[PDB]
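Form deposited in one PDB entry, single chain, as structure tokens, below.
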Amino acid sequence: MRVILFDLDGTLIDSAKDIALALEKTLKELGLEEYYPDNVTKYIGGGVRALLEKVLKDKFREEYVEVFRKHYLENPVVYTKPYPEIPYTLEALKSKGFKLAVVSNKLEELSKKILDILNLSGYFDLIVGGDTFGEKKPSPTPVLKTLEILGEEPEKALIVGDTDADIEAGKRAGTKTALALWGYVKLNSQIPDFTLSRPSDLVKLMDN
């Protein structure tokens, strides 16, 4: 029928606290805690690499990314929970016959893990991740391959996320896009087709 592709962090799950903690740990071990930002939330956005990049700038080193994907995976879920209404919305969307999927830019082996721990895994007909198949958003292969492996044309899909990358992907891929206002909005210059202020509004949006 219709496909709804969701971003993971800042959309389905409120993972800010755990991320900040893993980052605090990594920096302490690496001897760089002085670069821990005053307001960390404006740094959490497109993966572990992009966060360390934004935090360290020229002090960035690739072997740091792996230090982070470590401290953060022995506490992938401590404070993290789905946003309010998300559990109801997935189950609701699934029972009305909608294919659901998580297209994120976070490790695909981990995308399946955090969701297993939060009992959300089962609602998704597929869980594409940061590495899954060859390219990360902004576009448009993760979304087109994810839609072929599902049997739906882009014209029947909806990307629900919070970044300029999500909007570009859907735009380039041919899907619809909606901003998850309840999540952590990181839009800069892009404009989505819709605005969802609450997850349940999704159930509404797909009514008629």
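Throughout, rigid core stands for the largest set of C-alpha atoms superposing within 1.5 Å between the two forms. Residue numbers run from 1 along the displayed sequence.
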Of 72-80 vs 87-95, the stretch with the larger average CA B-factor in the entry is 72-80
Per the PDB entry, mean CA B-factor is higher for 107-115 or 121-129, namely for 107-115
Reading the B-factor column for Cα atoms of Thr163, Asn39, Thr175, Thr26, the highest value belongs to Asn39
Highest CA temperature factor in the entry: which of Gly170, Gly183, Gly151, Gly31? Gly151
Which third, lowest, middle or highest, does the CA B-factor of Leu144 fall in along this chain? middle
For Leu52, the third of its chain by CA B-factor is the lowest
Could you say whether, by C-alpha temperature factor, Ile4 belongs to the lowest, middle or highest third of its chain? lowest
Using the B-factors in the PDB entry, rank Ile159's C-alpha atom against the chain and give the third, lowest, middle or highest. lowest
Chain thirds of CA B-factor: placement of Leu179: lowest
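Heads up, the form deposited in another entry isn't pictured, but that's what we're talking about next.
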Classify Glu85 as shifted (yes) or not shifted (no) between this form and the one not shown, where shifted means its C-alpha moves by 2 Å or more with the rigid core superposed. no
Following rigid core alignment, is the displacement of the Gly134 C-alpha between this form and the one not shown equal to or greater than 2 angstroms? yes
Please say whether, between this form and the one not shown, the C-alpha of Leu187 moves by 2 Å or more once the core is aligned. yes
Taking the cut-off of 3 Å or more as given, in which direction does the distance between the C-alpha atoms of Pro154 and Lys136 change in the other form, closer or farther? farther
A change of 3 Å or more separates this form from the other: in the other form, the C-alpha atoms of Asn188 and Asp201 are closer
